[PDB]
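Contents: one structure, followed by commentary.
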Amino acid sequence: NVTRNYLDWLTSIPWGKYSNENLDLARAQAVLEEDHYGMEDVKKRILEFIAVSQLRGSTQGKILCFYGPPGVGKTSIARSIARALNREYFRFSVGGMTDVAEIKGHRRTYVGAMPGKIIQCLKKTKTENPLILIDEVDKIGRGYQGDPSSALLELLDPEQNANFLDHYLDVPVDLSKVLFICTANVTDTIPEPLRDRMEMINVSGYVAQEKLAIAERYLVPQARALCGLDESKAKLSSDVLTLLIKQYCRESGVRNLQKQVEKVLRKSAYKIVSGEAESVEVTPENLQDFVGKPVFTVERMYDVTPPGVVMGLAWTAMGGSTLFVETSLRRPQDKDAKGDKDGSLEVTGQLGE
Amino acid sequence: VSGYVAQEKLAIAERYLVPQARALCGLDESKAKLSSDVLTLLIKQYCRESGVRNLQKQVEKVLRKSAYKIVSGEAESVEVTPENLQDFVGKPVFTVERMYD
Amino acid sequence: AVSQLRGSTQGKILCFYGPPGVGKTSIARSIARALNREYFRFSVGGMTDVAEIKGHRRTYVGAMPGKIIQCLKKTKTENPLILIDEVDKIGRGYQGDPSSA
Amino acid sequence: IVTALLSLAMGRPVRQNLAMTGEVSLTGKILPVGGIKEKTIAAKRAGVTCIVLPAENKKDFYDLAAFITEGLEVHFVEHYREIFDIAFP
Amino acid sequence: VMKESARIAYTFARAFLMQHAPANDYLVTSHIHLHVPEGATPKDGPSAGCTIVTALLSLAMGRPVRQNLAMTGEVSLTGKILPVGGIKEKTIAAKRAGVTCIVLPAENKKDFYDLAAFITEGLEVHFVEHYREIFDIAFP
Ligand SMILES: Nc1ncnc2c1ncn2[C@@H]1O[C@H](COP(=O)(O)OP(=O)(O)O)[C@@H](O)[C@H]1O
Ligand SMILES: Nc1ncnc2c1ncn2[C@@H]1O[C@H](COP(=O)(O)OP(=O)(O)O)[C@@H](O)[C@H]1O
């Protein structure tokens, strides 16, 4: 029975099945501009990729990395590419993982052994060249117990991938055709040996106005299909959205506005199915009912900036924020009209040395 | 093994590097000339590391951008020239070598 | 020049060191096709499991031979050109010091 | 940091809503900083209406899409004394 | 984090005295033990800070604080107060204790009004932004 399950696991694996790509650029344009707004840089890079693969004959693998503030759409762009090139998609989170066996299965002599996640992707996706999407490389579980992230190099190294093998079915696989992608909120935590391999594309944030053009098209309809409504009953003018984003959510990412509009729609659903309106129509006067009173208002706390405080931009771990810096006396200054002691400073606020 | 002089990298990349990457992008020499002057400009500005890895990234990028101009774009034979370059790979990165003067 | 005198082939160790990206690995491979010895890369950067260089007891469940036997099995020659990598960064921990190994 | 102290020293307030950033050299030279695009959008959210960057990064800031940069009034600088005259008086 | 919060509030106290009552020098001239009993989770930890400064000032001038004036907040090292989280449980805990007045950062005037009206009877709130407000809502 164990070897039978092993035979099954082996036979399922494609060995040369090659989902075919489209390679005309026009169709790649159309399929990219209709899925994600803006963030044109990543589009241009993928477009160049398509341009080269069409020249040098056969299909090609490549590594890439994306990084930026959370909720910018990284994972969303992945699938859009997956249907752009026509490659099959398969997500694979690895944040905080430590079981190198999970990336490599088990010996097959172990009780209950099953091949590593990738083989499951081969059995499921049925292509030899799917679109693996490693997630959160930054957050991989990096412990004393054998760092899987070192183990990842066997997959992701362009040369050592060519004969990758896994403990379940020992025979080497040839992953070279896979198109890996990696997503990390910040690139520096990524372990050094691995960081050098992958290309580092940079998704950005979004201007306040930019979120307006975002949410009217790619976001509201999504939640509208999630709550099961039709546009016939749940219109949301733009003006309500600009008020939302300016007030109720101060985050460079779009996730938080995504929470709000979700909430508004689902409350609208309650007003429809049993409630009063047969067609809820949020208007700026109405909204505070649905989502309650405004939370944020006084952006940039100080306004006169009393002496000894100055603003300072900071490229924090997620997005960027306008944190202030502040200072003050700590003893009466004229302790002695003759006093000669260096006016020693004392820094505070979680200084790194 | 040692580092490499600024001039030295020119003679390196002109032979053992550009043709190799040209073969990686699937081009033939017929369509992707890079005068020497653009390479010296690159090495002088866009990458200050004694190793050649960073220049290796630049010229790789430039070539593949040429591939995009070929397969669908206009020119049948891209010809990089220093006036052309800032288009392809963008604005100069380093400039004020030696902070104080 | 020396191996040609004292009859048979002879092994020897050597070390290279310098700024990254100077081309070290590239000459390694070039020597491999120069002398005609088989090549086999073997990173050891940051490792701490001495069992990796020596395999496992074979009485443990799932034990497998150390990396070297795999290289010898693969290149099929008795005298390949192993290329230890990143000696500088060997994981020197309590968990069994590779540096002794 | 330095502007904080100097503001405290003379005690006069900083010119209003003039965000700044940089990296100081111990002799008044300023140095390039990284990641400018995210910083600029964050400063835009806060209603900033002036901003100061190391002159060495006058490059990256101009790659930004024109709509992001509309309405700001930048003052690139290299030696620190420059910033001092673009803040207090 | 409480240690930096403590020093922050401490320096603000030292500034407030010289800005207020120069003749006293109790703070800059004496050692002081201060004890905050545990129970606050670290993430809300800073919320205690607004209490801290009033402790010292009471010790400083030596006058007792006005009775049963529960409060919470977060101090800015230059007299601004900042929002704290999780207020509703805090307010009911104040109700169990017989509290009959309370002071919150003005930025949280929203959440307090979500509370059911029966919860809010018998309390007597004072929203504030700059810290100097609190100085006149405790002592005089
Ligand atoms: N420019 C955009 N176009 C379309 N959707 C976007 C855009 N920016 C953000 N999103 C939305 O952001 C959400 C989350 O994006 P994704 O990267 O897939 O997950 P997360 O950002 O949460 O890691 C998605 O539901 C997606 O529709
Ligand atoms: N003098 C040189 N001659 C040939 N190739 C060079 C030279 N200097 C650098 N290289 C190139 O630099 C690249 C990286 O060199 P190698 O030592 O293999 O990797 P790394 O330098 O990153 O350790 C190689 O692809 C190689 O072609």
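Chain labels follow the order of the structure tokens: the first chain is A, the next B, and so on; residue numbering restarts at 1 in every chain, and ligands are counted from 1 in their shown order.
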TODO: Name each residue within 7 Å of ligand 2, counting only C-alpha atoms and all ligand atoms, as a VMD selection string.
DONE: (chain B and resid 12 16 to 17 51 to 53) or (chain C and resid 20 to 26)
TODO: Using only C-alpha atoms and all ligand atoms, determine which residues fall within 7 Å of ligand 1, then list them as a ChimeraX atom specification.
DONE: /A:35-39,70-77,214,218-219,254-255
Store the residues of this selection in a file with N, CA, C and O atoms, as a JSON list (two decimals), in the first residue's frame.
```json
[["chain", "number", "residue", "atom", "x", "y", "z"],
["A", 35, "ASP", "N", -6.69, 44.07, -15.67],
["A", 35, "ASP", "CA", -6.70, 43.44, -14.35],
["A", 35, "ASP", "C", -6.18, 44.33, -13.25],
["A", 35, "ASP", "O", -6.80, 44.38, -12.19],
["A", 36, "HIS", "N", -5.06, 45.02, -13.44],
["A", 36, "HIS", "CA", -4.49, 45.85, -12.39],
["A", 36, "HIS", "C", -4.20, 47.24, -12.88],
["A", 36, "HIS", "O", -3.63, 47.41, -13.96],
["A", 37, "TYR", "N", -4.60, 48.22, -12.11],
["A", 37, "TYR", "CA", -4.34, 49.57, -12.50],
["A", 37, "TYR", "C", -2.90, 49.89, -12.21],
["A", 37, "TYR", "O", -2.35, 49.42, -11.22],
["A", 38, "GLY", "N", -2.33, 50.74, -13.04],
["A", 38, "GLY", "CA", -1.07, 51.37, -12.70],
["A", 38, "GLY", "C", 0.04, 50.38, -12.49],
["A", 38, "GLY", "O", 0.12, 49.35, -13.17],
["A", 39, "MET", "N", 0.85, 50.65, -11.46],
["A", 39, "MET", "CA", 2.05, 49.91, -11.10],
["A", 39, "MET", "C", 2.74, 49.44, -12.36],
["A", 39, "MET", "O", 3.15, 48.29, -12.48],
["A", 70, "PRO", "N", 2.30, 46.30, 2.47],
["A", 70, "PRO", "CA", 1.31, 45.24, 2.35],
["A", 70, "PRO", "C", 0.02, 45.72, 1.71],
["A", 70, "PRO", "O", -0.39, 46.87, 1.88],
["A", 71, "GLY", "N", -0.62, 44.82, 0.97],
["A", 71, "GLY", "CA", -1.90, 45.12, 0.37],
["A", 71, "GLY", "C", -1.84, 45.96, -0.88],
["A", 71, "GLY", "O", -2.87, 46.48, -1.30],
["A", 72, "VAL", "N", -0.68, 46.09, -1.50],
["A", 72, "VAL", "CA", -0.61, 46.84, -2.75],
["A", 72, "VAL", "C", -1.13, 46.06, -3.93],
["A", 72, "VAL", "O", -1.31, 46.65, -5.01],
["A", 73, "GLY", "N", -1.45, 44.79, -3.76],
["A", 73, "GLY", "CA", -1.89, 43.95, -4.85],
["A", 73, "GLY", "C", -0.91, 42.93, -5.36],
["A", 73, "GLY", "O", -1.18, 42.32, -6.40],
["A", 74, "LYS", "N", 0.24, 42.78, -4.70],
["A", 74, "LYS", "CA", 1.26, 41.82, -5.12],
["A", 74, "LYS", "C", 0.61, 40.50, -5.48],
["A", 74, "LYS", "O", 0.64, 40.07, -6.64],
["A", 75, "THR", "N", 0.00, 39.84, -4.49],
["A", 75, "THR", "CA", -0.56, 38.54, -4.79],
["A", 75, "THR", "C", -1.58, 38.65, -5.91],
["A", 75, "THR", "O", -1.73, 37.73, -6.72],
["A", 76, "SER", "N", -2.28, 39.77, -5.97],
["A", 76, "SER", "CA", -3.26, 39.94, -7.03],
["A", 76, "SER", "C", -2.60, 39.99, -8.39],
["A", 76, "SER", "O", -3.12, 39.43, -9.35],
["A", 77, "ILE", "N", -1.40, 40.57, -8.48],
["A", 77, "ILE", "CA", -0.81, 40.69, -9.81],
["A", 77, "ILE", "C", -0.34, 39.34, -10.24],
["A", 77, "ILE", "O", -0.21, 39.07, -11.44],
["A", 214, "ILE", "N", -8.72, 53.70, -8.19],
["A", 214, "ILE", "CA", -8.64, 52.28, -7.92],
["A", 214, "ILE", "C", -10.02, 51.76, -7.57],
["A", 214, "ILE", "O", -10.58, 50.90, -8.25],
["A", 218, "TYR", "N", -11.89, 48.33, -9.72],
["A", 218, "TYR", "CA", -11.37, 47.00, -9.45],
["A", 218, "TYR", "C", -11.74, 46.50, -8.08],
["A", 218, "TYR", "O", -11.51, 45.33, -7.78],
["A", 219, "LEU", "N", -12.35, 47.34, -7.25],
["A", 219, "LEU", "CA", -12.58, 47.04, -5.84],
["A", 219, "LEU", "C", -14.05, 46.96, -5.51],
["A", 219, "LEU", "O", -14.50, 45.92, -5.01],
["A", 254, "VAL", "N", -4.09, 49.56, 0.27],
["A", 254, "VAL", "CA", -5.53, 49.65, 0.06],
["A", 254, "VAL", "C", -6.31, 48.68, 0.93],
["A", 254, "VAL", "O", -7.55, 48.73, 0.92],
["A", 255, "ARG", "N", -5.66, 47.87, 1.75],
["A", 255, "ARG", "CA", -6.41, 46.87, 2.50],
["A", 255, "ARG", "C", -7.45, 47.49, 3.42],
["A", 255, "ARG", "O", -8.57, 46.99, 3.54]]
```
TODO: Could the residues of chain D within 9 Å of chain B, counting only C-alpha atoms, be given as a ChimeraX atom specification, please?
DONE: /D:29,31,56-57,59-60,63
Task: Neighbour list for residue 26 (chain B) as a PyMOL selection string, cut-off 6 Å, only C-alpha atoms, skip fewer than 2 positions in-chain - done: (chain A and resi 55-56) or (chain B and resi 23-24)
- [ ] Using only C-alpha atoms, determine which residues lie at most 9 Å from residue 61 (chain C), disregarding the query and same-chain residues fewer than 6 positions distant; provide the list as a ChimeraX atom specification.
- [x] /A:107,109-110
Open item on the list: Set the distance at 9 Å and use only C-alpha atoms: which residues neighbour region 122-131 of chain E once local chain neighbours fewer than 5 positions away are removed? I'd like the list as a ChimeraX atom specification.
Closed with: /E:50,75-76,78-82,95,99-109,137
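Residues lying within 9 Å of residue 81 (chain C), counting only C-alpha atoms and ignoring same-chain neighbours fewer than 2 positions away, are residues 28, 29, 31, 32, 37, 38, 39, 40, 41, 79 and 83 of chain C.
Between chain E and the candidates A:316, A:252, A:189, A:350, the tightest atom-to-atom separation, counting only C-alpha atoms, involves A:350.
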Task: Backbone-only DSSP, strand (DSSP E) members of chain E, as a list in words - done: residues 70, 71, 102, 103, 104, 105, 125, 126, 127 and 128 of chain E
- [ ] Up to 6 Å from chain A, what residues of chain D turn up? Count only C-alpha atoms and give them as number ranges by chain.
- [x] D: 4, 7-8, 11-13, 19-21, 38-39, 42, 46
Please produce a file of the residues just selected, as an mmCIF file, in the first residue's frame, where the atoms kept are C-alpha atoms.
```cif
data_model
loop_
_atom_site.group_PDB
_atom_site.id
_atom_site.type_symbol
_atom_site.label_atom_id
_atom_site.label_comp_id
_atom_site.auth_asym_id
_atom_site.auth_seq_id
_atom_site.Cartn_x
_atom_site.Cartn_y
_atom_site.Cartn_z
ATOM 1 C CA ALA D 4 15.141 70.173 16.392
ATOM 2 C CA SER D 7 14.933 75.277 16.905
ATOM 3 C CA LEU D 8 15.138 74.666 20.590
ATOM 4 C CA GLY D 11 13.581 78.790 20.529
ATOM 5 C CA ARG D 12 11.834 80.120 17.470
ATOM 6 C CA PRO D 13 9.312 77.781 15.805
ATOM 7 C CA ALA D 19 8.875 68.376 6.432
ATOM 8 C CA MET D 20 12.522 67.462 5.875
ATOM 9 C CA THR D 21 14.879 64.516 5.727
ATOM 10 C CA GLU D 38 7.366 56.098 -0.452
ATOM 11 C CA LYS D 39 8.531 58.946 1.686
ATOM 12 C CA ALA D 42 3.563 59.787 2.880
ATOM 13 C CA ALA D 46 0.005 64.771 5.665
#
```
TODO: Find the residues around residue 177 (chain A) up to 12 Å (only C-alpha atoms counted), leave out those fewer than 5 positions away in its own chain, and share them as JSON, numbers by chain.
DONE: {"A": [15, 16, 17, 18, 19, 20, 53, 58, 59, 60, 61, 62, 63, 87, 127, 128, 129, 130, 131, 132, 155, 156, 158, 161, 162, 163]}
Any chance you can output those residues with N, CA and C atoms as an mmCIF file, in the first residue's frame?
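The new file again.cif reads:
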```cif
data_model
loop_
_atom_site.group_PDB
_atom_site.id
_atom_site.type_symbol
_atom_site.label_atom_id
_atom_site.label_comp_id
_atom_site.auth_asym_id
_atom_site.auth_seq_id
_atom_site.Cartn_x
_atom_site.Cartn_y
_atom_site.Cartn_z
ATOM 1 N N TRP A 15 6.117 15.041 -17.041
ATOM 2 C CA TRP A 15 7.524 14.973 -17.429
ATOM 3 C C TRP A 15 7.470 15.413 -18.878
ATOM 4 N N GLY A 16 7.473 16.722 -19.081
ATOM 5 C CA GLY A 16 7.420 17.313 -20.397
ATOM 6 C C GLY A 16 6.084 17.915 -20.766
ATOM 7 N N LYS A 17 5.013 17.679 -19.999
ATOM 8 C CA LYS A 17 3.787 18.405 -20.285
ATOM 9 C C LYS A 17 4.106 19.870 -20.156
ATOM 10 N N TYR A 18 3.739 20.637 -21.157
ATOM 11 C CA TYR A 18 4.156 22.025 -21.242
ATOM 12 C C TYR A 18 2.899 22.771 -21.613
ATOM 13 N N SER A 19 2.288 23.411 -20.630
ATOM 14 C CA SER A 19 1.170 24.256 -20.966
ATOM 15 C C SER A 19 1.720 25.306 -21.899
ATOM 16 N N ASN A 20 1.034 25.523 -23.001
ATOM 17 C CA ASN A 20 1.573 26.421 -23.992
ATOM 18 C C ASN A 20 1.267 27.846 -23.603
ATOM 19 N N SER A 53 11.373 35.763 -24.239
ATOM 20 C CA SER A 53 11.073 34.353 -24.390
ATOM 21 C C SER A 53 10.645 34.051 -25.803
ATOM 22 N N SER A 58 12.359 28.410 -26.868
ATOM 23 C CA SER A 58 11.478 27.689 -25.982
ATOM 24 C C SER A 58 11.058 28.543 -24.805
ATOM 25 N N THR A 59 10.149 27.971 -24.036
ATOM 26 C CA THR A 59 9.648 28.608 -22.842
ATOM 27 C C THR A 59 10.803 28.775 -21.879
ATOM 28 N N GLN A 60 10.672 29.739 -20.981
ATOM 29 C CA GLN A 60 11.758 30.004 -20.068
ATOM 30 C C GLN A 60 11.326 30.307 -18.659
ATOM 31 N N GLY A 61 12.128 29.819 -17.734
ATOM 32 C CA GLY A 61 11.970 30.135 -16.341
ATOM 33 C C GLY A 61 12.743 31.377 -16.011
ATOM 34 N N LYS A 62 12.464 31.919 -14.842
ATOM 35 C CA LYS A 62 13.133 33.118 -14.385
ATOM 36 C C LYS A 62 12.691 33.340 -12.964
ATOM 37 N N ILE A 63 13.516 34.019 -12.202
ATOM 38 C CA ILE A 63 13.190 34.359 -10.834
ATOM 39 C C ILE A 63 12.911 35.845 -10.813
ATOM 40 N N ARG A 87 0.218 30.491 -18.115
ATOM 41 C CA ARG A 87 0.700 29.485 -17.192
ATOM 42 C C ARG A 87 -0.345 29.198 -16.126
ATOM 43 N N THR A 127 1.036 20.895 -15.245
ATOM 44 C CA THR A 127 2.024 21.448 -16.155
ATOM 45 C C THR A 127 3.398 21.156 -15.603
ATOM 46 N N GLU A 128 4.374 21.112 -16.488
ATOM 47 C CA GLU A 128 5.744 21.073 -16.024
ATOM 48 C C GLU A 128 6.220 22.461 -15.656
ATOM 49 N N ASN A 129 5.513 23.500 -16.086
ATOM 50 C CA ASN A 129 5.967 24.874 -15.929
ATOM 51 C C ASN A 129 4.828 25.735 -15.416
ATOM 52 N N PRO A 130 4.433 25.534 -14.199
ATOM 53 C CA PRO A 130 3.379 26.359 -13.624
ATOM 54 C C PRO A 130 3.967 27.656 -13.138
ATOM 55 N N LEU A 131 3.180 28.450 -12.427
ATOM 56 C CA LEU A 131 3.620 29.710 -11.862
ATOM 57 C C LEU A 131 3.615 29.584 -10.354
ATOM 58 N N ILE A 132 4.687 29.010 -9.824
ATOM 59 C CA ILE A 132 4.813 28.910 -8.386
ATOM 60 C C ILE A 132 4.908 30.314 -7.860
ATOM 61 N N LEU A 155 15.935 24.763 -4.732
ATOM 62 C CA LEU A 155 14.897 25.048 -5.705
ATOM 63 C C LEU A 155 15.272 26.236 -6.565
ATOM 64 N N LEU A 156 15.624 27.340 -5.927
ATOM 65 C CA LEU A 156 15.639 28.610 -6.620
ATOM 66 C C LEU A 156 16.966 28.951 -7.284
ATOM 67 N N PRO A 158 19.487 28.944 -10.098
ATOM 68 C CA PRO A 158 19.260 28.580 -11.505
ATOM 69 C C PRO A 158 19.987 27.324 -11.937
ATOM 70 N N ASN A 161 18.739 24.001 -9.438
ATOM 71 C CA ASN A 161 17.375 23.574 -9.665
ATOM 72 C C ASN A 161 17.266 22.496 -10.718
ATOM 73 N N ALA A 162 18.224 22.437 -11.641
ATOM 74 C CA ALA A 162 18.018 21.641 -12.842
ATOM 75 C C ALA A 162 17.806 20.174 -12.527
ATOM 76 N N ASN A 163 18.346 19.701 -11.414
ATOM 77 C CA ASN A 163 18.187 18.323 -10.982
ATOM 78 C C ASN A 163 17.726 18.287 -9.546
#
```
